[PDB]
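Structure data (mmCIF, N, CA and C atoms) from input15.cif:
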```cif
data_run
#
loop_
_atom_site.group_PDB
_atom_site.id
_atom_site.type_symbol
_atom_site.label_atom_id
_atom_site.label_comp_id
_atom_site.auth_asym_id
_atom_site.auth_seq_id
_atom_site.Cartn_x
_atom_site.Cartn_y
_atom_site.Cartn_z
ATOM 1 N N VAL A 993 0.817 -1.219 0.000
ATOM 2 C CA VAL A 993 0.000 0.000 0.000
ATOM 3 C C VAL A 993 0.855 1.276 0.000
ATOM 4 N N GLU A 994 1.942 1.277 0.762
ATOM 5 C CA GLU A 994 2.906 2.393 0.750
ATOM 6 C C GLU A 994 3.565 2.536 -0.622
ATOM 7 N N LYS A 995 3.895 1.395 -1.230
ATOM 8 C CA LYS A 995 4.470 1.298 -2.585
ATOM 9 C C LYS A 995 3.529 1.873 -3.634
ATOM 10 N N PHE A 996 2.273 1.433 -3.564
ATOM 11 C CA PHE A 996 1.208 1.916 -4.437
ATOM 12 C C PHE A 996 1.100 3.439 -4.332
ATOM 13 N N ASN A 997 0.950 3.940 -3.111
ATOM 14 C CA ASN A 997 0.732 5.381 -2.878
ATOM 15 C C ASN A 997 1.889 6.275 -3.296
ATOM 16 N N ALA A 998 3.101 5.731 -3.313
ATOM 17 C CA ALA A 998 4.265 6.419 -3.868
ATOM 18 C C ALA A 998 4.232 6.506 -5.412
ATOM 19 N N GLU A 999 3.485 5.609 -6.060
ATOM 20 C CA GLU A 999 3.406 5.510 -7.521
ATOM 21 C C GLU A 999 2.078 6.051 -8.106
ATOM 22 N N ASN A 1000 1.146 6.475 -7.254
ATOM 23 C CA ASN A 1000 -0.150 6.921 -7.697
ATOM 24 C C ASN A 1000 -0.593 8.174 -6.977
ATOM 25 N N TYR A 1001 -0.843 9.231 -7.734
ATOM 26 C CA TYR A 1001 -1.137 10.565 -7.196
ATOM 27 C C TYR A 1001 -2.628 10.809 -7.029
ATOM 28 N N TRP A 1002 -3.446 10.314 -7.972
ATOM 29 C CA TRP A 1002 -4.900 10.499 -7.933
ATOM 30 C C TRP A 1002 -5.730 9.318 -7.361
ATOM 31 N N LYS A 1003 -5.068 8.192 -7.094
ATOM 32 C CA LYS A 1003 -5.685 7.021 -6.466
ATOM 33 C C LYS A 1003 -4.778 6.518 -5.345
ATOM 34 N N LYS A 1004 -5.302 6.429 -4.118
ATOM 35 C CA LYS A 1004 -4.525 5.956 -2.980
ATOM 36 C C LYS A 1004 -5.167 4.735 -2.338
ATOM 37 N N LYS A 1005 -4.335 3.876 -1.763
ATOM 38 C CA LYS A 1005 -4.810 2.792 -0.936
ATOM 39 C C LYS A 1005 -4.549 3.075 0.523
ATOM 40 N N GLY A 1006 -5.297 2.397 1.383
ATOM 41 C CA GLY A 1006 -5.112 2.470 2.818
ATOM 42 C C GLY A 1006 -5.444 1.135 3.470
ATOM 43 N N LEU A 1007 -4.841 0.907 4.648
ATOM 44 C CA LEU A 1007 -5.075 -0.276 5.437
ATOM 45 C C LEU A 1007 -5.226 0.145 6.893
ATOM 46 N N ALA A 1008 -6.073 -0.580 7.609
ATOM 47 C CA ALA A 1008 -6.274 -0.355 9.038
ATOM 48 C C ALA A 1008 -6.561 -1.668 9.736
ATOM 49 N N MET A 1009 -6.250 -1.730 11.030
ATOM 50 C CA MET A 1009 -6.673 -2.840 11.867
ATOM 51 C C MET A 1009 -7.122 -2.325 13.243
ATOM 52 N N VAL A 1010 -8.314 -2.776 13.650
ATOM 53 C CA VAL A 1010 -8.895 -2.418 14.935
ATOM 54 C C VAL A 1010 -9.183 -3.713 15.702
ATOM 55 N N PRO A 1011 -9.004 -3.689 17.039
ATOM 56 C CA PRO A 1011 -9.351 -4.823 17.906
ATOM 57 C C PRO A 1011 -10.746 -4.634 18.549
ATOM 58 N N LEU A 1012 -11.267 -5.714 19.127
ATOM 59 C CA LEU A 1012 -12.584 -5.723 19.740
ATOM 60 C C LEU A 1012 -12.527 -6.378 21.110
ATOM 61 N N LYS A 1013 -12.928 -5.636 22.148
ATOM 62 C CA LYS A 1013 -13.461 -6.242 23.369
ATOM 63 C C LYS A 1013 -14.900 -5.754 23.485
ATOM 64 N N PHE A 1014 -15.853 -6.667 23.287
ATOM 65 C CA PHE A 1014 -17.265 -6.335 23.384
ATOM 66 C C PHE A 1014 -17.854 -7.063 24.592
ATOM 67 N N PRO A 1015 -18.099 -6.314 25.692
ATOM 68 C CA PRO A 1015 -18.697 -6.930 26.879
ATOM 69 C C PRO A 1015 -20.170 -7.161 26.686
ATOM 70 N N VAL A 1016 -20.674 -8.183 27.370
ATOM 71 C CA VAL A 1016 -22.065 -8.624 27.248
ATOM 72 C C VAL A 1016 -22.669 -8.775 28.647
ATOM 73 N N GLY A 1017 -23.873 -8.248 28.808
ATOM 74 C CA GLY A 1017 -24.533 -8.228 30.107
ATOM 75 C C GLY A 1017 -25.508 -7.083 30.183
ATOM 76 N N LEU A 1018 -26.553 -7.269 30.992
ATOM 77 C CA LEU A 1018 -27.591 -6.277 31.170
ATOM 78 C C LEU A 1018 -27.455 -5.722 32.595
ATOM 79 N N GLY A 1019 -28.305 -4.771 32.961
ATOM 80 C CA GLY A 1019 -28.083 -3.995 34.194
ATOM 81 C C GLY A 1019 -28.233 -4.771 35.483
ATOM 82 N N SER A 1020 -29.231 -5.670 35.508
ATOM 83 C CA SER A 1020 -29.523 -6.478 36.684
ATOM 84 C C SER A 1020 -29.722 -7.947 36.341
ATOM 85 N N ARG A 1021 -29.762 -8.756 37.392
ATOM 86 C CA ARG A 1021 -30.092 -10.174 37.263
ATOM 87 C C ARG A 1021 -31.504 -10.358 36.711
ATOM 88 N N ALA A 1022 -32.451 -9.554 37.184
ATOM 89 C CA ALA A 1022 -33.844 -9.626 36.754
ATOM 90 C C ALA A 1022 -34.043 -9.358 35.256
ATOM 91 N N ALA A 1023 -33.236 -8.466 34.692
ATOM 92 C CA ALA A 1023 -33.287 -8.180 33.245
ATOM 93 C C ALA A 1023 -32.852 -9.360 32.384
ATOM 94 N N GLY A 1024 -32.037 -10.247 32.944
ATOM 95 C CA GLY A 1024 -31.569 -11.440 32.248
ATOM 96 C C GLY A 1024 -32.375 -12.708 32.465
ATOM 97 N N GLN A 1025 -33.481 -12.632 33.214
ATOM 98 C CA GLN A 1025 -34.334 -13.812 33.444
ATOM 99 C C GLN A 1025 -35.088 -14.208 32.181
ATOM 100 N N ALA A 1026 -35.395 -15.489 32.068
ATOM 101 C CA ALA A 1026 -35.911 -16.033 30.814
ATOM 102 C C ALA A 1026 -36.670 -17.303 31.122
ATOM 103 N N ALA A 1027 -37.726 -17.539 30.333
ATOM 104 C CA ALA A 1027 -38.641 -18.639 30.562
ATOM 105 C C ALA A 1027 -39.080 -19.336 29.273
ATOM 106 N N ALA A 1028 -39.513 -20.576 29.447
ATOM 107 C CA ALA A 1028 -39.916 -21.452 28.343
ATOM 108 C C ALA A 1028 -41.071 -22.357 28.803
ATOM 109 N N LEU A 1029 -41.760 -22.967 27.849
ATOM 110 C CA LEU A 1029 -42.837 -23.889 28.141
ATOM 111 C C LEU A 1029 -42.718 -25.053 27.167
ATOM 112 N N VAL A 1030 -42.643 -26.279 27.697
ATOM 113 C CA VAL A 1030 -42.467 -27.477 26.883
ATOM 114 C C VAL A 1030 -43.577 -28.508 27.145
ATOM 115 N N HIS A 1031 -44.256 -28.909 26.066
ATOM 116 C CA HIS A 1031 -45.206 -30.040 26.053
ATOM 117 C C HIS A 1031 -44.635 -31.231 25.316
ATOM 118 N N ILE A 1032 -44.904 -32.428 25.815
ATOM 119 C CA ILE A 1032 -44.662 -33.670 25.087
ATOM 120 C C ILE A 1032 -46.009 -34.328 24.865
ATOM 121 N N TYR A 1033 -46.414 -34.441 23.603
ATOM 122 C CA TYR A 1033 -47.657 -35.107 23.249
ATOM 123 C C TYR A 1033 -47.463 -36.631 23.242
ATOM 124 N N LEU A 1034 -48.576 -37.367 23.267
ATOM 125 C CA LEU A 1034 -48.584 -38.824 23.394
ATOM 126 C C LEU A 1034 -48.024 -39.604 22.196
ATOM 127 N N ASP A 1035 -47.932 -38.949 21.043
ATOM 128 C CA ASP A 1035 -47.162 -39.480 19.909
ATOM 129 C C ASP A 1035 -45.627 -39.241 20.026
ATOM 130 N N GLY A 1036 -45.181 -38.614 21.116
ATOM 131 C CA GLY A 1036 -43.769 -38.370 21.355
ATOM 132 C C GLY A 1036 -43.229 -37.078 20.832
ATOM 133 N N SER A 1037 -43.991 -36.377 19.984
ATOM 134 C CA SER A 1037 -43.575 -35.062 19.428
ATOM 135 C C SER A 1037 -43.627 -33.990 20.504
ATOM 136 N N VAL A 1038 -42.809 -32.960 20.310
ATOM 137 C CA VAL A 1038 -42.651 -31.905 21.284
ATOM 138 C C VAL A 1038 -42.972 -30.541 20.719
ATOM 139 N N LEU A 1039 -43.696 -29.758 21.512
ATOM 140 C CA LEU A 1039 -43.930 -28.352 21.228
ATOM 141 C C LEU A 1039 -43.232 -27.512 22.297
ATOM 142 N N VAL A 1040 -42.383 -26.587 21.845
ATOM 143 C CA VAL A 1040 -41.675 -25.691 22.722
ATOM 144 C C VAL A 1040 -41.949 -24.244 22.342
ATOM 145 N N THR A 1041 -42.016 -23.380 23.357
ATOM 146 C CA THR A 1041 -42.014 -21.945 23.155
ATOM 147 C C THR A 1041 -41.216 -21.301 24.295
ATOM 148 N N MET B 745 -86.548 -50.096 26.198
ATOM 149 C CA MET B 745 -86.339 -48.663 26.417
ATOM 150 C C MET B 745 -85.785 -48.026 25.151
ATOM 151 N N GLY B 746 -86.402 -46.940 24.714
ATOM 152 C CA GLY B 746 -86.002 -46.232 23.516
ATOM 153 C C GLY B 746 -84.773 -45.364 23.690
ATOM 154 N N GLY B 747 -84.223 -44.934 22.558
ATOM 155 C CA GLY B 747 -83.044 -44.097 22.523
ATOM 156 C C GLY B 747 -83.402 -42.662 22.841
ATOM 157 N N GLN B 748 -82.522 -41.747 22.449
ATOM 158 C CA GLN B 748 -82.701 -40.337 22.789
ATOM 159 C C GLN B 748 -81.694 -39.492 22.032
ATOM 160 N N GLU B 749 -82.165 -38.439 21.383
ATOM 161 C CA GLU B 749 -81.266 -37.465 20.738
ATOM 162 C C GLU B 749 -80.681 -36.537 21.778
ATOM 163 N N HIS B 750 -79.388 -36.241 21.647
ATOM 164 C CA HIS B 750 -78.705 -35.298 22.559
ATOM 165 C C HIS B 750 -79.412 -33.968 22.554
ATOM 166 N N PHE B 751 -79.746 -33.483 21.352
ATOM 167 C CA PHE B 751 -80.429 -32.222 21.163
ATOM 168 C C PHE B 751 -79.809 -31.052 21.949
ATOM 169 N N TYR B 752 -78.479 -30.991 21.915
ATOM 170 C CA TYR B 752 -77.748 -29.748 22.164
ATOM 171 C C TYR B 752 -78.304 -28.664 21.219
ATOM 172 N N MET B 753 -78.465 -27.442 21.693
ATOM 173 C CA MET B 753 -79.030 -26.379 20.853
ATOM 174 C C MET B 753 -78.047 -25.903 19.766
ATOM 175 N N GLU B 754 -76.749 -25.920 20.061
ATOM 176 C CA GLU B 754 -75.693 -25.698 19.052
ATOM 177 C C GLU B 754 -75.430 -26.992 18.302
ATOM 178 N N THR B 755 -75.736 -27.055 17.005
ATOM 179 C CA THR B 755 -75.428 -28.256 16.216
ATOM 180 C C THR B 755 -73.931 -28.451 16.081
ATOM 181 N N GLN B 756 -73.519 -29.581 15.541
ATOM 182 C CA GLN B 756 -72.118 -29.854 15.222
ATOM 183 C C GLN B 756 -71.556 -28.714 14.394
ATOM 184 N N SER B 757 -70.422 -28.160 14.809
ATOM 185 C CA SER B 757 -69.871 -26.949 14.180
ATOM 186 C C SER B 757 -68.372 -26.910 14.354
ATOM 187 N N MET B 758 -67.660 -26.598 13.271
ATOM 188 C CA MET B 758 -66.205 -26.422 13.348
ATOM 189 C C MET B 758 -65.661 -25.600 12.198
ATOM 190 N N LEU B 759 -64.492 -25.026 12.464
ATOM 191 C CA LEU B 759 -63.712 -24.294 11.493
ATOM 192 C C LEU B 759 -62.282 -24.820 11.562
ATOM 193 N N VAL B 760 -61.781 -25.290 10.425
ATOM 194 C CA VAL B 760 -60.430 -25.783 10.329
ATOM 195 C C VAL B 760 -59.645 -24.801 9.483
ATOM 196 N N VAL B 761 -58.539 -24.296 10.023
ATOM 197 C CA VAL B 761 -57.757 -23.224 9.396
ATOM 198 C C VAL B 761 -56.282 -23.662 9.267
ATOM 199 N N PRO B 762 -55.805 -23.985 8.035
ATOM 200 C CA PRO B 762 -54.374 -24.227 7.854
ATOM 201 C C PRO B 762 -53.588 -22.932 7.898
ATOM 202 N N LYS B 763 -52.454 -22.941 8.600
ATOM 203 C CA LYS B 763 -51.637 -21.739 8.773
ATOM 204 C C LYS B 763 -50.882 -21.360 7.509
ATOM 205 N N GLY B 764 -50.440 -22.378 6.759
ATOM 206 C CA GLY B 764 -49.587 -22.176 5.580
ATOM 207 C C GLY B 764 -48.093 -22.327 5.837
ATOM 208 N N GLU B 765 -47.747 -22.836 7.010
ATOM 209 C CA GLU B 765 -46.368 -23.103 7.407
ATOM 210 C C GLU B 765 -46.293 -24.470 8.036
ATOM 211 N N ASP B 766 -45.351 -25.314 7.600
ATOM 212 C CA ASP B 766 -45.073 -26.626 8.210
ATOM 213 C C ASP B 766 -46.290 -27.549 8.364
ATOM 214 N N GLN B 767 -47.277 -27.379 7.489
ATOM 215 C CA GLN B 767 -48.580 -28.047 7.602
ATOM 216 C C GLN B 767 -49.259 -27.891 8.972
ATOM 217 N N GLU B 768 -49.094 -26.728 9.607
ATOM 218 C CA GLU B 768 -49.797 -26.418 10.839
ATOM 219 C C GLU B 768 -51.290 -26.223 10.579
ATOM 220 N N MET B 769 -52.123 -26.947 11.337
ATOM 221 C CA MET B 769 -53.559 -26.706 11.334
ATOM 222 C C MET B 769 -53.994 -26.208 12.693
ATOM 223 N N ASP B 770 -54.910 -25.254 12.685
ATOM 224 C CA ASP B 770 -55.665 -24.875 13.876
ATOM 225 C C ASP B 770 -57.095 -25.321 13.666
ATOM 226 N N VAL B 771 -57.637 -25.990 14.677
ATOM 227 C CA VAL B 771 -58.990 -26.532 14.621
ATOM 228 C C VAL B 771 -59.842 -25.892 15.729
ATOM 229 N N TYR B 772 -60.820 -25.087 15.318
ATOM 230 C CA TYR B 772 -61.812 -24.497 16.224
ATOM 231 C C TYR B 772 -63.063 -25.333 16.089
ATOM 232 N N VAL B 773 -63.429 -26.037 17.155
ATOM 233 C CA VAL B 773 -64.502 -27.023 17.069
ATOM 234 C C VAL B 773 -65.274 -27.081 18.390
ATOM 235 N N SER B 774 -66.601 -27.225 18.286
ATOM 236 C CA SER B 774 -67.437 -27.522 19.422
ATOM 237 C C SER B 774 -67.308 -29.036 19.701
ATOM 238 N N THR B 775 -66.437 -29.369 20.679
ATOM 239 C CA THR B 775 -66.236 -30.747 21.155
ATOM 240 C C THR B 775 -65.997 -30.823 22.667
ATOM 241 N N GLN B 776 -66.116 -32.039 23.195
ATOM 242 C CA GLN B 776 -65.807 -32.340 24.586
ATOM 243 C C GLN B 776 -64.412 -32.926 24.797
ATOM 244 N N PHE B 777 -63.650 -33.122 23.717
ATOM 245 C CA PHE B 777 -62.396 -33.855 23.785
ATOM 246 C C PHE B 777 -61.361 -33.339 22.761
ATOM 247 N N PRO B 778 -60.761 -32.159 23.012
ATOM 248 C CA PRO B 778 -59.794 -31.576 22.091
ATOM 249 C C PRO B 778 -58.616 -32.501 21.743
ATOM 250 N N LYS B 779 -58.024 -33.138 22.756
ATOM 251 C CA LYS B 779 -56.915 -34.049 22.531
ATOM 252 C C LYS B 779 -57.263 -35.138 21.504
ATOM 253 N N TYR B 780 -58.491 -35.640 21.541
ATOM 254 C CA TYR B 780 -58.924 -36.617 20.542
ATOM 255 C C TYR B 780 -59.069 -36.004 19.148
ATOM 256 N N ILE B 781 -59.548 -34.754 19.069
ATOM 257 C CA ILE B 781 -59.630 -34.018 17.787
ATOM 258 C C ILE B 781 -58.231 -33.857 17.190
ATOM 259 N N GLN B 782 -57.294 -33.409 18.023
ATOM 260 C CA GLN B 782 -55.893 -33.279 17.634
ATOM 261 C C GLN B 782 -55.330 -34.588 17.075
ATOM 262 N N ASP B 783 -55.654 -35.708 17.717
ATOM 263 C CA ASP B 783 -55.152 -37.008 17.274
ATOM 264 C C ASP B 783 -55.699 -37.436 15.921
ATOM 265 N N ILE B 784 -57.013 -37.375 15.763
ATOM 266 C CA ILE B 784 -57.640 -37.873 14.539
ATOM 267 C C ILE B 784 -57.327 -36.957 13.338
ATOM 268 N N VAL B 785 -57.199 -35.651 13.565
ATOM 269 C CA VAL B 785 -56.808 -34.721 12.494
ATOM 270 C C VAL B 785 -55.339 -34.928 12.081
ATOM 271 N N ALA B 786 -54.443 -35.044 13.066
ATOM 272 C CA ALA B 786 -53.009 -35.285 12.808
ATOM 273 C C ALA B 786 -52.777 -36.611 12.074
ATOM 274 N N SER B 787 -53.378 -37.676 12.586
ATOM 275 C CA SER B 787 -53.390 -38.975 11.928
ATOM 276 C C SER B 787 -53.868 -38.894 10.459
ATOM 277 N N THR B 788 -54.992 -38.218 10.242
ATOM 278 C CA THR B 788 -55.566 -38.046 8.905
ATOM 279 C C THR B 788 -54.626 -37.305 7.955
ATOM 280 N N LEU B 789 -53.908 -36.317 8.476
ATOM 281 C CA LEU B 789 -52.928 -35.550 7.700
ATOM 282 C C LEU B 789 -51.509 -36.160 7.708
ATOM 283 N N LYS B 790 -51.324 -37.282 8.405
ATOM 284 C CA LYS B 790 -50.026 -37.905 8.609
ATOM 285 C C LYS B 790 -49.008 -36.925 9.205
ATOM 286 N N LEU B 791 -49.455 -36.132 10.186
ATOM 287 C CA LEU B 791 -48.606 -35.140 10.829
ATOM 288 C C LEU B 791 -48.344 -35.504 12.283
ATOM 289 N N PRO B 792 -47.218 -35.035 12.844
ATOM 290 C CA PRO B 792 -47.083 -35.150 14.294
ATOM 291 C C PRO B 792 -48.124 -34.272 15.031
ATOM 292 N N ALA B 793 -48.384 -34.610 16.282
ATOM 293 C CA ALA B 793 -49.376 -33.928 17.068
ATOM 294 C C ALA B 793 -49.010 -32.458 17.328
#
```
Structure encoded using structure tokens:
Amino acid sequence: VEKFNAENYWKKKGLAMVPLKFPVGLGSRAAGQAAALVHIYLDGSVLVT
Amino acid sequence: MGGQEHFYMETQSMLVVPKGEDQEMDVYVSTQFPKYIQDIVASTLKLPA
């Protein structure tokens, strides 16, 4: 890219690198609570929500 | 001893509504036994319950 930019006046290249620390979590324990409901019918099939 | 008509004032009545996804059917029916309706409809359609 440095080589290119030394040889080209009206077109330039660039490169960048950025790192990531992305934390995950909500404000309280209560905000992270979660629930489900599961049925098993007599033919063995399952309905979940 | 003679027989007898049930003579419920609401006659036999139902509405069967396919959702259009995964062969899901919803059955709105005047019955005393929903689980049995679910079985005979699923069986008839060769679907899980």
Show me, as a PDB file with N, CA and C atoms, in the frame of the given file, the residues of chain B whose atoms get within 9 Å of chain A, using only C-alpha atoms for the distance check.
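The file below, iface-v7.pdb, is the result:
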```pdb
ATOM      1  N   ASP B 783     -55.654 -35.708  17.717  1.00  0.00           N
ATOM      2  CA  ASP B 783     -55.152 -37.008  17.274  1.00  0.00           C
ATOM      3  C   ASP B 783     -55.699 -37.436  15.921  1.00  0.00           C
ATOM      4  N   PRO B 792     -47.218 -35.035  12.844  1.00  0.00           N
ATOM      5  CA  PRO B 792     -47.083 -35.150  14.294  1.00  0.00           C
ATOM      6  C   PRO B 792     -48.124 -34.272  15.031  1.00  0.00           C
ATOM      7  N   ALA B 793     -48.384 -34.610  16.282  1.00  0.00           N
ATOM      8  CA  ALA B 793     -49.376 -33.928  17.068  1.00  0.00           C
ATOM      9  C   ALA B 793     -49.010 -32.458  17.328  1.00  0.00           C
TER      10      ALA B 793
END
```
*Identify, on the basis of all atoms listed in the file, every residue whose closest approach to range 755-759 of chain B does not exceed 6.5 Å; exclude the query and any residue fewer than 2 positions from it along the same chain; express the result as number ranges by chain.*
B: 752-753, 761, 770-774
Using Å and a single decimal, report how far CA of residue 769 in chain B sits from CA of residue 788 in chain B.
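According to the coordinates, CA of residue 788 in chain B and CA of residue 769 in chain B are separated by 11.8 Å.
As for atom N of residue 751 in chain B and atom N of residue 778 in chain B, they are spaced 19.1 Å apart.
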Expressed in Å, the length from atom C of residue 1028 in chain A to atom N of residue 768 in chain B is 21.3 Å
### Task
Using backbone DSSP assignments, extract all strand (DSSP E) residues from chain B; output them as a list in words.
residues 758, 759, 760, 761, 762, 769, 770, 771, 772 and 773 of chain B
Could you pull out every residue with an atom within 6.5 Å of (-0.1, 1.9, -1.9), file coordinates, counting only N, CA and C atoms, and send them as an MDAnalysis selection string?
-> chainID A and resid 993:998 1004:1006
If the box runs along x, y and z of the file and leaves 8 Å on each side of range 756-773 of chain B, what are its centre and edge lengths in Å, one decimal, as lines of an AutoDock Vina configuration file?
```
center_x = -59.3
center_y = -25.6
center_z = 12.0
size_x = 44.4
size_y = 24.5
size_z = 28.8
```
